[PDB]
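Engineer: File target21.txt follows (compact mmCIF, C-alpha atoms):
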```
# COMPACT_ATOMS: atom_id res chain seq x y z
CA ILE Q 18 74.23 18.65 21.29
CA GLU Q 19 76.08 21.88 22.16
CA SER Q 20 74.48 24.79 20.27
CA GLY Q 21 70.79 25.60 20.76
CA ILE Q 22 68.07 28.28 20.77
CA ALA Q 23 66.34 29.54 23.94
CA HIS Q 24 62.78 30.52 22.96
CA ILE Q 25 61.49 32.86 25.71
CA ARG Q 26 57.76 33.62 25.47
CA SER Q 27 57.10 36.36 28.03
CA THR Q 28 53.39 37.24 28.15
CA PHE Q 29 51.65 39.41 30.76
CA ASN Q 30 50.43 36.22 32.48
CA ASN Q 31 53.32 33.79 32.10
CA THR Q 32 56.94 33.24 31.01
CA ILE Q 33 57.68 30.03 29.11
CA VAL Q 34 61.26 29.06 28.26
CA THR Q 35 61.82 26.34 25.67
CA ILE Q 36 65.37 25.37 24.69
CA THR Q 37 65.87 23.66 21.34
CA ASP Q 38 68.62 22.51 19.00
CA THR Q 39 69.28 24.58 15.85
CA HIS Q 40 66.64 22.42 14.10
CA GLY Q 41 64.06 23.62 16.67
CA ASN Q 42 63.66 20.17 18.30
CA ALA Q 43 62.78 20.79 21.95
CA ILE Q 44 65.55 19.80 24.39
CA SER Q 45 63.84 21.01 27.58
CA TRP Q 46 61.49 23.69 28.88
CA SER Q 47 60.24 25.45 31.99
CA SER Q 48 57.58 28.04 32.78
CA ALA Q 49 56.68 30.24 35.74
CA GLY Q 50 53.57 28.03 36.05
CA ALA Q 51 55.69 24.85 35.92
CA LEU Q 52 57.62 26.11 38.98
CA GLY Q 53 54.32 26.39 40.87
CA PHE Q 54 54.06 30.19 40.63
CA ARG Q 55 50.42 31.33 40.39
CA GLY Q 56 48.59 34.52 39.37
CA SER Q 57 50.65 37.73 39.72
CA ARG Q 58 53.83 35.76 40.49
CA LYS Q 59 53.91 34.04 37.08
CA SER Q 60 54.12 37.46 35.38
CA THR Q 61 57.03 38.67 37.53
CA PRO Q 62 60.64 38.69 36.17
CA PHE Q 63 61.79 36.64 39.16
CA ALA Q 64 59.52 33.83 37.93
CA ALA Q 65 60.98 34.33 34.45
CA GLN Q 66 64.48 34.10 35.96
CA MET Q 67 63.67 30.88 37.80
CA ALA Q 68 61.94 29.49 34.70
CA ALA Q 69 65.08 30.20 32.63
CA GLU Q 70 67.32 28.48 35.21
CA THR Q 71 65.09 25.37 35.28
CA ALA Q 72 64.92 25.21 31.47
CA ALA Q 73 68.70 25.77 31.31
CA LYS Q 74 69.70 23.17 33.93
CA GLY Q 75 67.57 20.67 31.96
CA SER Q 76 69.60 21.51 28.82
CA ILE Q 77 73.04 21.29 30.48
CA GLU Q 78 72.24 17.61 31.17
CA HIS Q 79 71.86 17.09 27.39
CA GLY Q 80 75.15 19.02 27.20
CA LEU Q 81 74.52 22.53 25.86
CA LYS Q 82 77.09 25.35 26.08
CA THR Q 83 76.06 28.15 23.70
CA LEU Q 84 72.53 29.59 23.30
CA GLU Q 85 70.91 31.77 20.69
CA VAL Q 86 67.98 33.53 22.40
CA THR Q 87 64.63 34.46 20.82
CA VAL Q 88 62.15 36.63 22.77
CA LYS Q 89 58.41 36.93 22.13
CA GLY Q 90 55.65 38.91 23.82
CA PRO Q 91 55.45 42.08 25.98
CA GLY Q 92 56.19 40.49 29.39
CA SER Q 93 58.78 41.82 31.85
CA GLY Q 94 60.64 38.50 31.94
CA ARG Q 95 62.97 38.75 28.95
CA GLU Q 96 65.75 40.77 30.62
CA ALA Q 97 65.71 38.57 33.75
CA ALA Q 98 65.23 35.33 31.81
CA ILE Q 99 68.23 36.06 29.53
CA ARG Q 100 70.55 37.02 32.41
CA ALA Q 101 69.51 33.71 34.01
CA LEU Q 102 70.65 31.80 30.91
CA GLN Q 103 74.04 33.56 31.19
CA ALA Q 104 74.05 32.92 34.97
CA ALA Q 105 73.23 29.21 34.43
CA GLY Q 106 76.52 28.99 32.49
CA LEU Q 107 75.25 28.89 28.89
CA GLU Q 108 76.83 31.66 26.79
CA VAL Q 109 74.40 33.88 24.82
CA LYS M 3 57.12 16.40 48.61
CA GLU M 4 56.32 16.72 52.36
CA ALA M 5 59.62 15.20 53.61
CA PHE M 6 61.51 17.67 51.35
CA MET M 7 59.46 20.65 52.66
CA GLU M 8 60.12 19.56 56.30
CA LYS M 9 63.87 19.19 55.59
CA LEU M 10 63.99 22.71 54.01
CA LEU M 11 62.01 24.22 56.94
CA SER M 12 64.28 22.44 59.49
CA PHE M 13 67.37 23.88 57.73
CA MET M 14 65.85 27.42 57.77
CA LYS M 15 64.91 27.00 61.50
CA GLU M 16 68.62 26.46 62.45
CA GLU M 17 70.02 29.30 64.62
CA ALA M 18 72.84 30.05 62.11
CA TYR M 19 70.37 30.45 59.19
CA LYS M 20 70.38 33.81 57.34
CA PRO M 21 67.82 34.73 54.57
CA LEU M 22 69.03 33.18 51.27
CA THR M 23 68.11 33.52 47.56
CA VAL M 24 66.96 30.47 45.51
CA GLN M 25 70.52 30.15 44.08
CA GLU M 26 72.11 30.38 47.57
CA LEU M 27 69.66 27.67 48.79
CA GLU M 28 70.57 25.48 45.75
CA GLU M 29 74.30 25.83 46.62
CA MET M 30 73.80 25.28 50.40
CA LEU M 31 71.63 22.15 49.85
CA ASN M 32 74.11 20.77 47.21
CA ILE M 33 71.28 20.50 44.64
CA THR M 34 72.94 19.58 41.31
CA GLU M 35 70.10 17.84 39.40
CA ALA M 36 67.46 19.88 37.51
CA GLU M 37 64.64 17.70 38.98
CA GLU M 38 65.74 18.41 42.61
CA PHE M 39 65.93 22.14 41.69
CA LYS M 40 62.29 21.87 40.47
CA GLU M 41 61.36 20.23 43.82
CA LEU M 42 63.09 23.12 45.72
CA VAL M 43 61.13 25.76 43.73
CA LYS M 44 57.80 23.92 44.28
CA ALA M 45 58.62 23.54 48.01
CA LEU M 46 59.52 27.28 48.38
CA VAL M 47 56.24 28.32 46.66
CA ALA M 48 54.14 25.87 48.78
CA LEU M 49 55.85 26.94 52.05
CA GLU M 50 55.46 30.66 51.12
CA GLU M 51 51.72 30.08 50.34
CA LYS M 52 51.33 28.34 53.76
CA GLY M 53 53.07 31.40 55.34
CA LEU M 54 55.81 29.15 56.87
CA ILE M 55 58.50 31.17 54.99
CA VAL M 56 58.62 34.77 53.64
CA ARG M 57 60.29 36.10 50.50
CA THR M 58 61.89 39.55 51.06
CA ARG M 59 62.01 42.44 48.52
CA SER M 60 65.59 41.21 47.69
CA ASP M 61 64.28 37.69 46.73
CA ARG M 62 65.66 36.08 49.92
CA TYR M 63 63.65 33.42 51.83
CA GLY M 64 63.42 33.67 55.65
CA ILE M 65 61.44 32.42 58.67
CA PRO M 66 58.59 34.84 59.66
CA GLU M 67 59.33 34.64 63.44
CA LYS M 68 63.01 35.63 62.92
CA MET M 69 61.83 38.67 60.86
```
Represent the structure contained in this file as structure tokens.

Structural biologist:
Amino acid sequence: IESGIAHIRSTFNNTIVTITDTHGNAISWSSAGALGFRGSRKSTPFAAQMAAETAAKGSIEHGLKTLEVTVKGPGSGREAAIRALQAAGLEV
Amino acid sequence: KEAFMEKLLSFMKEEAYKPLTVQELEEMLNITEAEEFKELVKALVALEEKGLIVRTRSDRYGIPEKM
């Protein structure tokens, strides 16, 4: 499938990135915690960035191209995590 | 996991090595699969925790001795 949503949940503790089809079926996901970041690091935008990349590169295998993005939560990740989706190749 | 960490450390120990970002390490190691990228991130975190590598303020990884 080509088109999909990137659900970014940036909390103060963690940044999760799920990528789904339009029907909200999960394609792939990654989180700061899933990349082995711990404590302060998970909060940081860099971790959000890397989480977005890992979630994205999982999606590109299934063959995505365009992403709608949804952001939740007050974390600092959303700006970094979205750039990372653009940087991974998927158009926002 | 350990063989991958050793290989990454060996690469960073080379005399020509300059501090690289995660993306520059991905490119230089020819990592193309999302599972290998996950291994790289886990290895960087584990090596940074052990103090065998250091992340700079510009998100570049380097060897402590060379810095």

Engineer: Distance limit 8 Å, atoms considered: all atoms listed in the file. Which chain M residues sit that close to chain Q? Return them as a tab-separated table (two decimals) with C-alpha atoms, in the frame of the given file.

Structural biologist:
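Saved file selection-v8.tsv follows:
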```tsv
chain	number	residue	atom	x	y	z
M	35	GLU	CA	70.10	17.84	39.40
M	36	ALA	CA	67.46	19.88	37.51
M	39	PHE	CA	65.93	22.14	41.69
M	40	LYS	CA	62.29	21.87	40.47
M	43	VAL	CA	61.13	25.76	43.73
M	44	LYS	CA	57.80	23.92	44.28
M	47	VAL	CA	56.24	28.32	46.66
M	48	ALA	CA	54.14	25.87	48.78
```

Engineer: Residues at most 10 Å from range 65-68 of chain M, counting all atoms listed in the file, excluding those fewer than 3 positions away in the same chain, as a list in words?

Structural biologist: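 Answer for this query is residues 11, 14, 15, 17, 19, 20, 21, 50, 53, 54, 55, 56 and 57 of chain M.
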
Engineer: Tell me which of Q:107, Q:81, Q:98, Q:88 sits closest to residue 48 in chain Q, counting all atoms listed in the file.

Structural biologist: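 Of Q:107, Q:81, Q:98, Q:88, the one nearest residue 48 in chain Q, counting all atoms listed in the file, is Q:98.
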
Engineer: When you draw a straight line from CA of residue 66 in chain Q to CA of residue 82 in chain Q, how long is it in Å?

Structural biologist: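 That distance, rounded to one decimal, is 18.3 Å.
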
Engineer: So which residues fall inside 8 Å of (69.3, 34.7, 23.2) if we count only C-alpha atoms? Mind giving them as a list in words?

Structural biologist: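 Here the neighbourhood of the point contains residues 22, 23, 24, 84, 85, 86, 87, 88, 99 and 109 of chain Q.
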
Engineer: Kindly export the residues of the current selection with C-alpha atoms, as an mmCIF file, keeping the file's coordinate frame.

Structural biologist:
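As written to disk, out-v3.cif reads:
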```cif
data_model
loop_
_atom_site.group_PDB
_atom_site.id
_atom_site.type_symbol
_atom_site.label_atom_id
_atom_site.label_comp_id
_atom_site.auth_asym_id
_atom_site.auth_seq_id
_atom_site.Cartn_x
_atom_site.Cartn_y
_atom_site.Cartn_z
ATOM 1 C CA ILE Q 22 68.070 28.280 20.770
ATOM 2 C CA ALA Q 23 66.340 29.540 23.940
ATOM 3 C CA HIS Q 24 62.780 30.520 22.960
ATOM 4 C CA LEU Q 84 72.530 29.590 23.300
ATOM 5 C CA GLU Q 85 70.910 31.770 20.690
ATOM 6 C CA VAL Q 86 67.980 33.530 22.400
ATOM 7 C CA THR Q 87 64.630 34.460 20.820
ATOM 8 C CA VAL Q 88 62.150 36.630 22.770
ATOM 9 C CA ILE Q 99 68.230 36.060 29.530
ATOM 10 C CA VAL Q 109 74.400 33.880 24.820
#
```

Engineer: Step by step: start from the point (58.3, 32.0, 30.2) in the file's coordinates, keep every protein, DNA or RNA residue that has an atom no farther than 7 Å from it, count all atoms listed in the file, and write the set as a list in words.

Structural biologist: residues 25, 26, 27, 31, 32, 33, 34, 48, 49, 65 and 68 of chain Q

Engineer: Would you work out the distance separating CA of residue 8 in chain M from CA of residue 64 in chain Q, expressed in Å to one decimal?

Structural biologist: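 Between these atoms lies a distance of 23.3 Å.
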
Engineer: Grab the CA of residue 46 in chain Q to CA of residue 38 in chain M distance for me, in Å with one decimal place.

Structural biologist: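 Between CA of residue 46 in chain Q and CA of residue 38 in chain M the gap is 15.3 Å.
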
Engineer: Have a look at M:41, M:4, M:28, M:16 and name the one nearest to residue 64 in chain M; count only C-alpha atoms.

Structural biologist: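 For residue 64 in chain M, the nearest of the given residues is M:16.
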
Engineer: Determine the axis-aligned bounding box of all atoms of range 55-63 of chain M present in the file, pad each side by 6 Å, and express its centre and edge lengths in Å to one decimal place as AutoDock Vina command-line options.

Structural biologist:
```
--center_x 62.1 --center_y 36.8 --center_z 50.9 --size_x 19.2 --size_y 23.3 --size_z 20.3
```

Engineer: Would you mind telling me which residue in Q:103, Q:60, Q:93, Q:20 lies nearest to residue 37 in chain Q when using all atoms listed in the file?

Structural biologist: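 Smallest distance to residue 37 in chain Q is found for Q:20.
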
Engineer: Just the residues within 10 Å of residue 60 in chain M, please, counting all atoms listed in the file, with nothing from its chain fewer than 2 positions along; format it as a PyMOL selection string.

Structural biologist: chain M and resi 21-23+57-58+62-63

Engineer: From the list M:26, M:69, M:46, M:61, which residue is nearest residue 7 in chain M when using all atoms listed in the file?

Structural biologist: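 Smallest separation from residue 7 in chain M among the options: M:46.
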